[PDB]
Amino acid sequence: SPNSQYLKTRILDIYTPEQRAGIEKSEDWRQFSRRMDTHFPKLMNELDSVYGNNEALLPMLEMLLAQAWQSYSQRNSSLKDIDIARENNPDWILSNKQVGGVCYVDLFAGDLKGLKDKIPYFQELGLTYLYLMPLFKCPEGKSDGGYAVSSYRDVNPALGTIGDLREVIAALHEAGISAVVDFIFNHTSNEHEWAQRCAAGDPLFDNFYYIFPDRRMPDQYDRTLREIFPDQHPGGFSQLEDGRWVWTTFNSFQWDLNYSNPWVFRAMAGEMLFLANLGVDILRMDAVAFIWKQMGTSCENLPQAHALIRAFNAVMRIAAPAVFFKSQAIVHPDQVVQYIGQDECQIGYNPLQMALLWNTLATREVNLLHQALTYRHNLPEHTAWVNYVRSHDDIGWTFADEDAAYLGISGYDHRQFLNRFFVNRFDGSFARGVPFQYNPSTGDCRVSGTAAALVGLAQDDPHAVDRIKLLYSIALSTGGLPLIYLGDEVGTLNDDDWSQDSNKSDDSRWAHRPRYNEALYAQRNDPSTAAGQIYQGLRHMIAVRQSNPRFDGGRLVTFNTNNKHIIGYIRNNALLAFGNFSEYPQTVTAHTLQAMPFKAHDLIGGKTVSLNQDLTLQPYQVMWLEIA
Ligand SMILES: OC[C@H]1O[C@H](O[C@H]2[C@H](O)[C@@H](O)[C@@H](O[C@H]3[C@H](O)[C@@H](O)[C@@H](O[C@H]4[C@H](O)[C@@H](O)[C@@H](O)O[C@@H]4CO)O[C@@H]3CO)O[C@@H]2CO)[C@H](O)[C@@H](O)[C@@H]1O
Ligand SMILES: OC[C@H]1O[C@H](O[C@H]2[C@H](O)[C@@H](O)[C@@H](O)O[C@@H]2CO)[C@H](O)[C@@H](O)[C@@H]1O
C-alpha cells in the first residue's frame with residue numbers, strides 16, 4: 001500500500017513547476033498535507049480491509065485524493081475556520097448547550113426561502129441544530145418522502161435551488177445553528193442517471209448496483225434477508241421490466257448501491273465532499289447497516305459496512321474536518337452502538353431509549369427503561385447519542401429480547417401488546433396511532449402517529465400534555481444531543497388526508513408528517529391551551545438544559561427509586577432526575593432518599609423539595625433536583 005507522502009507528490013503533478021512551488025507554500029496545502037499524514041493511514045487501512053488487492057483500489061484512491069484536495073482548496077474560508085474549531089473540540093456534540101430540531105422544508109415552511117424566514121422561531125425555541133429532510137431531486141409522486149434520490153446535486157425544484165440551500169445554510173450559521181441533512185448513500189432512485197446507465201449496460205457504470213439475471217441468487221439471499229417494507233415486496237429484490245432482478249432493500253424504486261465496487265465508494269465520497277462544501281455540519285448516514293452484502297448473512301451490520309463508514313470518516317478528517325456523521329441504525333441494541341465511534345459515526349440515533357420511552361408509557365413500568373439507561377447509555381469518549389421522542393419514521397420496538405428475557409419478559413409477546421396498545425386495540429389505551437408494515441409471516445409491526453396522537457391529545461386526554469413533557473424531559477436530560485420533531489412542541493396531531501392521497505395511502509408514516517399548524521403555533525404563548533402548555537413546558541426544559549452545566553456531557557448513573565413506576569438517574573453527580581410514568585401519584589420513600597440532601601431545588605417546578613421525607617410525584621410529574 002502507498003503512503004501519504006507519495007500520494008501527495010502525485011496530487012501536485014497537475015501543477016506546472018511554477019504553480020507547484022506556490023501551492024506547497026500555501027496555508028490550504030499545509031493544512032491538507034498535515035491532515036493527510038494524520039488520517040490517511042486510517043483511510044488506507046479501512047479501504048484495504050474491504051477491497052484488498054483489487055486492481056482498482058490504487059487508481060480509485062489517487063482519483064479520490066486528487067478530488068479531496070480540489071474540494072478542500074475550494075472550501076470556503078468560514079467553513080475552514082469551523083474545521084479548525086471542531087478539529088480541536090471533538091466534544092462539541094456532547095455540550096448541554098446543543099438542542100436540535102428536525103422538519104420537512106415543504107411541510108414546515110413551504111420552501112427554502114420560507115424556511116429561511118422561520119429561523120427567528122428556531123432561535124426563539126433555542127435550537128442550535130437543525131436537520132432538514134431530503135432536499136434533492138427525486139421521482140415525482142412516490143419517492144419515499146425524498147429518500148429515493150435522482151440527483152445529489154439538483155435541489156427539488158419545489159423547494160428552491162442549490163443557491164437557496166447555500167443561503168439557508170449560511171443564514172443558519174449566522175444564527176448559531178448547525179445545518180444537518182441526509183447522506184442517502186445506500187441507494188439511489190431507479191431514475192438516477194447512474195441507475196439508468198448501469199441497467200442500460202453502460203460500461204462506465206458496470207456493477208454500480210446489484211443486478212441479477214433471474215431469481216437464483218435473489219432466492220438464496222432472501223433466505224436470510226429482513227423485510228423492511230413487506231407491503232411493497234417480499235425479500236430484498238425487485239424485478240425490472242426486462243425480467244432481471246435488482247437489490248432493493250427498501251422501495252422498488254430505490255436501488256442499493258454496490259459498494260463492493262471501489263468506484264461506487266469514490267463516487268459517493270465525491271457527493272459527500274459536495275455536501276461538505278455546502279457548509280453542512282452533520283450528515284445523517286441513511287441506512288448505514290445495509291451498505292455491504294454477503295450471501296448467507298442478514299446483509300446488515302457486516303464488518304465491511306463499518307469499515308466503509310470509517311473510510312468515509314477519514315475522508316472528512318482530511319478534506320472537511322467540520323463534517324460529523326450521525327448514524328441512524330435502527331437495529332438490535334448491540335449493533336446500534338457499534339456504529340458510534342470517533343472514527344466512524346461520532347453521534348447516532350438512540351432508538352433504544354426512544355422505543356422504551358413509549359413502552360414505559362404503555363406499561364407504566366420503568367424496568368426496561370432503567371435497564372437500558374443503566375447498561376446501554378454511556379458511550380466511548382468523543383461520541384454522543386442523539387436522543388429523540390419521535391421522527392419522520394414509524395416506531396419500531398427495537399429493545400433486545402435477551403435484555404427483556406432477563407426481566408422475565410417475552411419479546412415477541414411484549415411487542416404484540418405494544419403494537420395493540422399504540423394503535424388503540426387494547427382496552428383503555430390512550431394512544432391513537434396507526435399500524436405500519438404489519439408482516440404476516442413474522443408477526444412484526446411498527447407504529448405511525450405523532451407524539452401528541454400517541455399520548456392521547458387527539459381526544460383531549462387530560463394527561464396528554466404531561467406525558468409529552470415527560471418524554472421530552474428524558475431525551476433532554478439523559479446526556480446526548482436531543483432532537484425535537486418540530487411540531488411536537490405545540491402538540492401537532494396526525495395528518496388526516498394521507499390515507500386518501502394516492503401517493504401516500506400505502507405508507508402510514510405520512511400520518512405523522514403533518515404540515516405546519518398555524519393555529520397551534522399561534523397559541524404557543526397562551527398558558528390556557530395545550531399548545532401553550534406544551535411549548536412553555538418544553539421551552540423551559542430547553543432553557544434549563546442549555547444554561548445549567550450539570551446537564552453537560554452524555555454520561556449518567558441510574559438511581560434505584562424502589563418504585564417500579566418512577567425512573568431515576570443522576571447527571572454529573574449534581575442533578576437527580578425523577579420521572580413518574582404512572583397516571584397515578586407515586587412515591588419515592590424517605591428511606592430511599594437517605595443519601596440525598598435534606599432539601600434540593602427542583603428546576604422543573606422551581607420549588608424547594610424536601611428529601612428527608614417521602615417524595616410523592618403527581619401523575620407523569622418530572623423533577624430535576626439539584627443535589628450538588
Ligand atoms: O394503569 C393501566 C393498567 O396498568 C396495569 O396493567 C399494565 C401492567 O401492569 C403492565 O405489566 C403491562 O402489561 C402488559 C405486559 O407488559 C405485556 O408484556 C403483555 O403481557 C403478556 C405477556 O407478554 C405474555 O408473555 C403472557 O404472559 O401474557 C401477558 C398478558 O397478556 O400484556 C400486558 C397487558 O395485558 O401493561 C398493562 C397495561 O398498561 C394494571 O394491572 C391495569 O389494571 C391498569 O389498567
Ligand atoms: O444515592 C445513593 C443511592 O441511594 C439509594 O440507595 C438506597 C437503597 O435503595 C436502600 O436500599 C438503602 O440501602 O438506602 C440507600 C440510600 O442510602 C438509591 O436506590 C441508589 O440507586 C443510589 O445509588
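Worth knowing before you read on, the calculation uses all heavy atoms, side chains too, and leaves out hydrogens, waters and symmetry mates. Numbers here simply count residues along the sequence, with the first being 1.
- No hydrogens or angles considered: nothing links the side chains of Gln353 and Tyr388 as a donor-acceptor pair under 3.5 Å.
- Minimum interatomic distance between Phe325 and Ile282 (heavy atoms only, all atoms of both residues): C-CG2, 4.4 Å.
- Screening residues 565-579 for side chain to side chain donor-acceptor pair (under 3.5 Å) gives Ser477-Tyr569 as the qualifying pairs, with residues at least two apart or on separate chains.
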Step by step, would you call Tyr147 with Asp286 a side chain to side chain contact (heavy atoms under 4.5 Å, CB included)?
-> CA-CA 9 Å; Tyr147 278 98; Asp286 189 65; 3.5 Å; yes
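- Under the side chain to side chain contact (heavy atoms under 4.5 Å, CB included) rule, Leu132 has a single partner from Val105, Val102, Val180, which is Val105.
- Applying the salt bridge (charged side-chain N to carboxylate O under 4.0 Å, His left out) test to every pair with at least one member in residues 300-328, sequence neighbours left out, gives these pairs: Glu46-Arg310, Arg226-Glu300, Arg310-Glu344.
- There is no side-chain donor-acceptor pair under 3.5 Å between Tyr375 and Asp403.
- The shortest heavy-atom contact between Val366 and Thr360 is CG1-CG2, 3.6 Å.
- Interatomic distance, CE of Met268 versus CZ of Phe274, reported as 12.0 Å (0.5 Å rounding).
- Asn301 and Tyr339 form a side-chain donor-acceptor contact under 3.5 Å, judged by distance and modelled atom types alone.
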For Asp393 and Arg509, what are the C-alpha separation, side-chain angles and deciding distance, and is it a salt bridge (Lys or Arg N to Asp or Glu O under 4.0 Å)?
-> CA-CA 6 Å; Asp393 280 331; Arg509 292 178 291 173; 3.0 Å; yes
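- Legend: side chain to side chain donor-acceptor pair (under 3.5 Å) pairs involving residues 81-92, not counting sequence neighbours, sorted by first then second residue: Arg34-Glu87, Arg35-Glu87, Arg75-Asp83, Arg86-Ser178, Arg86-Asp281, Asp91-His382.
- A distance of 4.5 Å separates CG of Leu125 from CD1 of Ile542, quoted to the nearest 0.5 Å.
- Nearest heavy-atom pair across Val99 and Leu481 is C-CD2, 4.5 Å.
- Because its NZ or CZ atom is not both nearer than 6.0 Å to the ring centre of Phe422 and within 45° of the ring axis, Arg446 does not count as a cation-pi partner of that residue.
- A side-chain N or O of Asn387 and one of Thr478 form a donor-acceptor pair less than 3.5 Å apart.
- Under 3.5 Å, the side chains of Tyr131 and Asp182 contain a donor-acceptor pair of N or O atoms.
- Minimum heavy-atom separation, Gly145 to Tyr104: O-CE2, 4.1 Å.
- Taking the salt bridge (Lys or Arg N to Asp or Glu O under 4.0 Å) definition, one finds that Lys116 meets it with nothing, sequence neighbours left out.
- Every pair passing salt bridge (charged side-chain N to carboxylate O under 4.0 Å, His left out) that includes a residue from residues 120-135 is listed here, sequence neighbours excluded: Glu124-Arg524.
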Would you give me the side-chain donor-acceptor pairs under 3.5 Å for residues 546-553, sequence neighbours excluded?
| unit_1 | atom_1 | unit_2 | atom_2 | d |
| --- | --- | --- | --- | --- |
| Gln546 | NE2 | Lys97 | O | 2.8 |
| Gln546 | NE2 | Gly126 | O | 2.9 |
| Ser547 | OG | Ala543 | O | 3.0 |
| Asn548 | OD1 | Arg550 | N | 2.9 |
| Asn548 | OD1 | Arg550 | NH1 | 2.9 |
| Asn548 | ND2 | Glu626 | OE2 | 2.8 |
| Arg550 | NE | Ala628 | O | 2.7 |
| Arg550 | NH1 | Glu626 | OE2 | 3.1 |
| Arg550 | NH2 | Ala628 | O | 3.4 |
| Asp552 | OD1 | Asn96 | N | 3.1 |

